[PDB]
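Raw contents of data.pdb, PDB, C-alpha atoms and all ligand atoms:
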```
ATOM      1  CA  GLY A   1     -19.959 -21.696  -7.216  1.00  0.00           C
ATOM      2  CA  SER A   2     -17.187 -22.595  -4.845  1.00  0.00           C
ATOM      3  CA  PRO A   3     -16.007 -20.704  -1.775  1.00  0.00           C
ATOM      4  CA  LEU A   4     -13.261 -19.162  -3.913  1.00  0.00           C
ATOM      5  CA  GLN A   5     -15.880 -17.206  -5.812  1.00  0.00           C
ATOM      6  CA  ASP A   6     -15.359 -13.307  -4.837  1.00  0.00           C
ATOM      7  CA  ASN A   7     -12.401 -14.345  -3.025  1.00  0.00           C
ATOM      8  CA  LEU A   8      -9.514 -14.504  -5.457  1.00  0.00           C
ATOM      9  CA  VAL A   9      -7.297 -11.568  -6.289  1.00  0.00           C
ATOM     10  CA  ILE A  10      -4.222 -10.830  -8.408  1.00  0.00           C
ATOM     11  CA  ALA A  11      -1.537  -8.482  -7.169  1.00  0.00           C
ATOM     12  CA  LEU A  12      -1.263  -5.347  -9.264  1.00  0.00           C
ATOM     13  CA  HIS A  13       2.001  -4.293  -7.606  1.00  0.00           C
ATOM     14  CA  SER A  14       4.483  -6.049  -5.326  1.00  0.00           C
ATOM     15  CA  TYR A  15       4.231  -5.453  -1.602  1.00  0.00           C
ATOM     16  CA  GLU A  16       6.950  -5.709   1.087  1.00  0.00           C
ATOM     17  CA  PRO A  17       5.538  -5.725   4.627  1.00  0.00           C
ATOM     18  CA  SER A  18       6.813  -3.576   7.466  1.00  0.00           C
ATOM     19  CA  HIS A  19       4.556  -4.739  10.305  1.00  0.00           C
ATOM     20  CA  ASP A  20       4.385  -8.218  11.846  1.00  0.00           C
ATOM     21  CA  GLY A  21       1.350 -10.131  10.514  1.00  0.00           C
ATOM     22  CA  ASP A  22       1.191  -8.238   7.222  1.00  0.00           C
ATOM     23  CA  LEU A  23       1.716 -10.370   4.099  1.00  0.00           C
ATOM     24  CA  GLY A  24       4.059  -9.554   1.237  1.00  0.00           C
ATOM     25  CA  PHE A  25       3.624 -10.720  -2.340  1.00  0.00           C
ATOM     26  CA  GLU A  26       4.964 -10.356  -5.839  1.00  0.00           C
ATOM     27  CA  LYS A  27       3.286  -8.540  -8.703  1.00  0.00           C
ATOM     28  CA  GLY A  28       1.015 -11.069 -10.435  1.00  0.00           C
ATOM     29  CA  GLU A  29       0.757 -13.309  -7.330  1.00  0.00           C
ATOM     30  CA  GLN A  30      -2.694 -14.765  -6.737  1.00  0.00           C
ATOM     31  CA  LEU A  31      -4.166 -14.672  -3.249  1.00  0.00           C
ATOM     32  CA  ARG A  32      -7.260 -16.018  -1.578  1.00  0.00           C
ATOM     33  CA  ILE A  33      -9.150 -13.469   0.501  1.00  0.00           C
ATOM     34  CA  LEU A  34     -10.220 -14.655   3.906  1.00  0.00           C
ATOM     35  CA  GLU A  35     -11.663 -11.397   5.268  1.00  0.00           C
ATOM     36  CA  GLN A  36     -12.371  -8.198   3.237  1.00  0.00           C
ATOM     37  CA  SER A  37     -13.406  -5.514   5.662  1.00  0.00           C
ATOM     38  CA  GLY A  38     -11.653  -2.172   5.836  1.00  0.00           C
ATOM     39  CA  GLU A  39      -8.542  -1.377   3.833  1.00  0.00           C
ATOM     40  CA  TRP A  40      -6.426  -4.311   5.143  1.00  0.00           C
ATOM     41  CA  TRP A  41      -7.718  -7.686   4.004  1.00  0.00           C
ATOM     42  CA  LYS A  42      -6.759 -11.050   5.491  1.00  0.00           C
ATOM     43  CA  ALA A  43      -5.334 -13.209   2.692  1.00  0.00           C
ATOM     44  CA  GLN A  44      -3.541 -16.411   1.896  1.00  0.00           C
ATOM     45  CA  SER A  45      -0.944 -16.587  -0.873  1.00  0.00           C
ATOM     46  CA  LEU A  46      -1.592 -19.298  -3.512  1.00  0.00           C
ATOM     47  CA  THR A  47       2.213 -19.217  -4.144  1.00  0.00           C
ATOM     48  CA  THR A  48       3.526 -19.776  -0.616  1.00  0.00           C
ATOM     49  CA  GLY A  49       0.473 -20.704   1.484  1.00  0.00           C
ATOM     50  CA  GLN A  50       1.332 -18.006   3.978  1.00  0.00           C
ATOM     51  CA  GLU A  51      -1.387 -15.814   5.539  1.00  0.00           C
ATOM     52  CA  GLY A  52      -1.594 -12.253   6.724  1.00  0.00           C
ATOM     53  CA  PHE A  53      -3.027  -8.791   6.080  1.00  0.00           C
ATOM     54  CA  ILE A  54      -2.661  -7.057   2.728  1.00  0.00           C
ATOM     55  CA  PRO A  55      -3.271  -3.505   1.534  1.00  0.00           C
ATOM     56  CA  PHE A  56      -6.392  -3.812  -0.567  1.00  0.00           C
ATOM     57  CA  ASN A  57      -5.467  -1.348  -3.335  1.00  0.00           C
ATOM     58  CA  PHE A  58      -2.473  -3.478  -4.291  1.00  0.00           C
ATOM     59  CA  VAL A  59      -4.722  -6.276  -5.625  1.00  0.00           C
ATOM     60  CA  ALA A  60      -7.670  -6.680  -7.986  1.00  0.00           C
ATOM     61  CA  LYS A  61     -10.422  -9.282  -7.973  1.00  0.00           C
ATOM     62  CA  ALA A  62     -10.355 -11.628 -10.796  1.00  0.00           C
TER      63      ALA A  62
ATOM     64  CA  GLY B   1      -1.678  30.218   2.282  1.00  0.00           C
ATOM     65  CA  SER B   2       1.624  28.725   1.297  1.00  0.00           C
ATOM     66  CA  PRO B   3       2.326  26.093  -1.344  1.00  0.00           C
ATOM     67  CA  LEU B   4       2.316  23.473   1.417  1.00  0.00           C
ATOM     68  CA  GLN B   5      -1.399  24.012   1.872  1.00  0.00           C
ATOM     69  CA  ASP B   6      -3.232  20.630   0.598  1.00  0.00           C
ATOM     70  CA  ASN B   7       0.073  19.201   0.214  1.00  0.00           C
ATOM     71  CA  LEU B   8       1.153  17.797   3.551  1.00  0.00           C
ATOM     72  CA  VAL B   9       0.379  14.292   4.711  1.00  0.00           C
ATOM     73  CA  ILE B  10       1.117  12.053   7.700  1.00  0.00           C
ATOM     74  CA  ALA B  11       1.816   8.372   7.232  1.00  0.00           C
ATOM     75  CA  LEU B  12      -0.841   6.176   8.784  1.00  0.00           C
ATOM     76  CA  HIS B  13       1.242   3.016   8.345  1.00  0.00           C
ATOM     77  CA  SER B  14       4.880   2.362   7.461  1.00  0.00           C
ATOM     78  CA  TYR B  15       5.732   1.529   3.874  1.00  0.00           C
ATOM     79  CA  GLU B  16       8.701  -0.455   2.482  1.00  0.00           C
ATOM     80  CA  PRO B  17       9.121  -0.049  -1.284  1.00  0.00           C
ATOM     81  CA  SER B  18       9.629  -2.901  -3.717  1.00  0.00           C
ATOM     82  CA  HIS B  19       9.979  -0.986  -6.991  1.00  0.00           C
ATOM     83  CA  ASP B  20      12.718   1.482  -7.946  1.00  0.00           C
ATOM     84  CA  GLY B  21      11.470   5.082  -7.591  1.00  0.00           C
ATOM     85  CA  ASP B  22       8.886   4.269  -4.924  1.00  0.00           C
ATOM     86  CA  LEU B  23       9.442   5.975  -1.554  1.00  0.00           C
ATOM     87  CA  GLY B  24       9.368   4.265   1.824  1.00  0.00           C
ATOM     88  CA  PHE B  25       8.492   5.948   5.102  1.00  0.00           C
ATOM     89  CA  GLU B  26       7.812   5.324   8.752  1.00  0.00           C
ATOM     90  CA  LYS B  27       4.443   5.496  10.466  1.00  0.00           C
ATOM     91  CA  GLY B  28       3.947   9.114  11.567  1.00  0.00           C
ATOM     92  CA  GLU B  29       6.412  10.486   8.965  1.00  0.00           C
ATOM     93  CA  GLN B  30       5.320  13.731   7.336  1.00  0.00           C
ATOM     94  CA  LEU B  31       5.610  14.103   3.578  1.00  0.00           C
ATOM     95  CA  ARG B  32       5.088  16.874   1.083  1.00  0.00           C
ATOM     96  CA  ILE B  33       2.968  15.904  -1.911  1.00  0.00           C
ATOM     97  CA  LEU B  34       4.326  16.977  -5.250  1.00  0.00           C
ATOM     98  CA  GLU B  35       1.766  15.295  -7.525  1.00  0.00           C
ATOM     99  CA  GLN B  36      -1.553  13.683  -6.412  1.00  0.00           C
ATOM    100  CA  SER B  37      -3.069  12.002  -9.419  1.00  0.00           C
ATOM    101  CA  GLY B  38      -4.032   8.350  -9.413  1.00  0.00           C
ATOM    102  CA  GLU B  39      -3.264   6.027  -6.525  1.00  0.00           C
ATOM    103  CA  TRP B  40       0.535   6.631  -6.487  1.00  0.00           C
ATOM    104  CA  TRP B  41       1.458  10.151  -5.431  1.00  0.00           C
ATOM    105  CA  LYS B  42       4.845  11.804  -5.927  1.00  0.00           C
ATOM    106  CA  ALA B  43       6.133  12.895  -2.510  1.00  0.00           C
ATOM    107  CA  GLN B  44       9.100  14.222  -0.629  1.00  0.00           C
ATOM    108  CA  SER B  45       9.874  13.070   2.909  1.00  0.00           C
ATOM    109  CA  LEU B  46      10.220  15.899   5.479  1.00  0.00           C
ATOM    110  CA  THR B  47      12.427  13.450   7.482  1.00  0.00           C
ATOM    111  CA  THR B  48      14.988  12.484   4.838  1.00  0.00           C
ATOM    112  CA  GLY B  49      14.382  14.853   1.904  1.00  0.00           C
ATOM    113  CA  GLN B  50      14.128  11.917  -0.452  1.00  0.00           C
ATOM    114  CA  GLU B  51      11.501  11.830  -3.233  1.00  0.00           C
ATOM    115  CA  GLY B  52       9.489   9.144  -4.923  1.00  0.00           C
ATOM    116  CA  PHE B  53       6.045   7.602  -5.392  1.00  0.00           C
ATOM    117  CA  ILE B  54       3.888   6.574  -2.448  1.00  0.00           C
ATOM    118  CA  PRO B  55       0.718   4.511  -2.116  1.00  0.00           C
ATOM    119  CA  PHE B  56      -1.925   7.088  -1.329  1.00  0.00           C
ATOM    120  CA  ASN B  57      -3.972   5.065   1.183  1.00  0.00           C
ATOM    121  CA  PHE B  58      -0.976   4.837   3.505  1.00  0.00           C
ATOM    122  CA  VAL B  59      -1.132   8.582   4.290  1.00  0.00           C
ATOM    123  CA  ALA B  60      -3.697  11.156   5.394  1.00  0.00           C
ATOM    124  CA  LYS B  61      -3.801  14.883   4.729  1.00  0.00           C
ATOM    125  CA  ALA B  62      -3.293  17.004   7.684  1.00  0.00           C
TER     126      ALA B  62
HETATM  127 CA    CA C 101      -7.818   1.049  -6.126  1.00  0.00          CA
HETATM  128 CA    CA C 102      -8.135   5.234   2.489  1.00  0.00          CA
HETATM  129 ZN    ZN C 103       0.070  -3.348   9.187  1.00  0.00          ZN
HETATM  130 ZN    ZN C 104       5.701   1.075  -7.871  1.00  0.00          ZN
END
```

Mind converting the file's structure to structure tokens?
Amino acid sequence: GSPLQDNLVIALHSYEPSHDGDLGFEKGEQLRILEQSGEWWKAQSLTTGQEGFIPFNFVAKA
Amino acid sequence: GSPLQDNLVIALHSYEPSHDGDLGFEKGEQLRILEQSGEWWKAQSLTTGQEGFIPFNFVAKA
């Protein structure tokens, strides 16, 4: 399928960043994963379009 | 040893909470773990004395 395949997640919990370049999100927000190595994934919000690093346990693939 | 044994952690990354009852902390802050089941652990900051739930990947046992 498309490039979104294995690369869409839903936030399980809200996240407020505390480090420049980290991305916040609301619970239930959908994000596109750009890079998924280590415990901080590069993502793009499908709500705001903004990009940055997210804590991987706060989201689930769907 | 003492009850602190297996129950002290150091924050690997800062955390800003976004849910009542969740506990924020600075990078390098030391916390006492009160409960360590699931991915949200009940903790007490050894900086502020405050208690609440923390995301377990943000800390490391020491
Ligand atoms: Ca998990
Ligand atoms: Ca970890
Ligand atoms: Zn960070
Ligand atoms: Zn919470």

Show me, as a tab-separated table, the residues of chain A having an atom within 8 Å of ligand CA 101 (chain C), each with the closest atom pair and its distance in Å, using only C-alpha atoms and all ligand atoms.
```
residue	atom	partner	partner_atom	distance
A:56	CA	C:CA101	CA	7.5
A:57	CA	C:CA101	CA	4.4
A:58	CA	C:CA101	CA	7.2
A:59	CA	C:CA101	CA	8.0
A:60	CA	C:CA101	CA	8.0
```

8 Å from ligand ZN 104 (chain C) is the threshold here; counting only C-alpha atoms and all ligand atoms, which polymer residues fall inside it? Answer as a list in words. residues 13 and 14 of chain A; 17, 18, 19, 20, 21, 22, 40, 53 and 54 of chain B

Spell out the residues picked by the PyMOL selection byres (((chain B and resi 35) around 12) and not hetatm) here, as a list in words. residues 6, 7, 8, 31, 32, 33, 34, 36, 37, 38, 39, 40, 41, 42, 43, 44, 51, 52, 53, 54 and 56 of chain B

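The coordinates place CA of residue 1 in chain B at 27.4 Å from CA of residue 26 in chain B.
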
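Checking B:23, B:10, B:46, B:16 one by one against chain A, counting only C-alpha atoms, you find the shortest gap at B:16.
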
Would you kindly place N, CA, C and O atoms on range 7-20 of chain B and return the model as a CSV table (one decimal), in the coordinates of the input?
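What follows is the written file out22.csv:
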```
chain,number,residue,atom,x,y,z
B,7,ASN,N,-1.0,20.0,0.8
B,7,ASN,CA,0.1,19.2,0.2
B,7,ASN,C,1.0,18.6,1.2
B,7,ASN,O,2.1,18.2,1.0
B,8,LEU,N,0.4,18.5,2.5
B,8,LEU,CA,1.2,17.8,3.6
B,8,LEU,C,0.3,16.6,4.1
B,8,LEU,O,-0.9,16.7,4.3
B,9,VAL,N,1.0,15.5,4.2
B,9,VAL,CA,0.4,14.3,4.7
B,9,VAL,C,1.2,13.7,5.8
B,9,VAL,O,2.4,13.9,6.0
B,10,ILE,N,0.5,12.8,6.6
B,10,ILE,CA,1.1,12.1,7.7
B,10,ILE,C,0.9,10.6,7.3
B,10,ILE,O,-0.2,10.2,7.0
B,11,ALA,N,1.9,9.8,7.5
B,11,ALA,CA,1.8,8.4,7.2
B,11,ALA,C,1.0,7.7,8.3
B,11,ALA,O,1.3,7.8,9.5
B,12,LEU,N,0.0,7.0,7.9
B,12,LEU,CA,-0.8,6.2,8.8
B,12,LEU,C,-0.3,4.8,9.1
B,12,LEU,O,-0.7,4.2,10.1
B,13,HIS,N,0.6,4.3,8.3
B,13,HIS,CA,1.2,3.0,8.3
B,13,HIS,C,2.6,3.2,7.7
B,13,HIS,O,2.8,4.0,6.7
B,14,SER,N,3.6,2.4,8.1
B,14,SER,CA,4.9,2.4,7.5
B,14,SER,C,4.7,1.7,6.1
B,14,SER,O,3.8,1.0,5.8
B,15,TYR,N,5.7,2.1,5.2
B,15,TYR,CA,5.7,1.5,3.9
B,15,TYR,C,7.2,1.2,3.5
B,15,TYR,O,8.1,2.1,3.7
B,16,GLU,N,7.4,0.0,3.0
B,16,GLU,CA,8.7,-0.5,2.5
B,16,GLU,C,8.5,-0.6,1.0
B,16,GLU,O,7.7,-1.4,0.6
B,17,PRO,N,9.3,0.1,0.2
B,17,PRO,CA,9.1,0.0,-1.3
B,17,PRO,C,9.7,-1.3,-1.8
B,17,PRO,O,10.6,-2.0,-1.2
B,18,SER,N,9.2,-1.7,-3.0
B,18,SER,CA,9.6,-2.9,-3.7
B,18,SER,C,9.7,-2.7,-5.2
B,18,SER,O,9.5,-3.6,-6.0
B,19,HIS,N,10.0,-1.4,-5.6
B,19,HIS,CA,10.0,-1.0,-7.0
B,19,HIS,C,10.8,0.3,-7.0
B,19,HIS,O,10.6,1.2,-6.2
B,20,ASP,N,11.9,0.3,-7.8
B,20,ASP,CA,12.7,1.5,-7.9
B,20,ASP,C,11.9,2.7,-8.2
B,20,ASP,O,11.0,2.8,-9.0
```
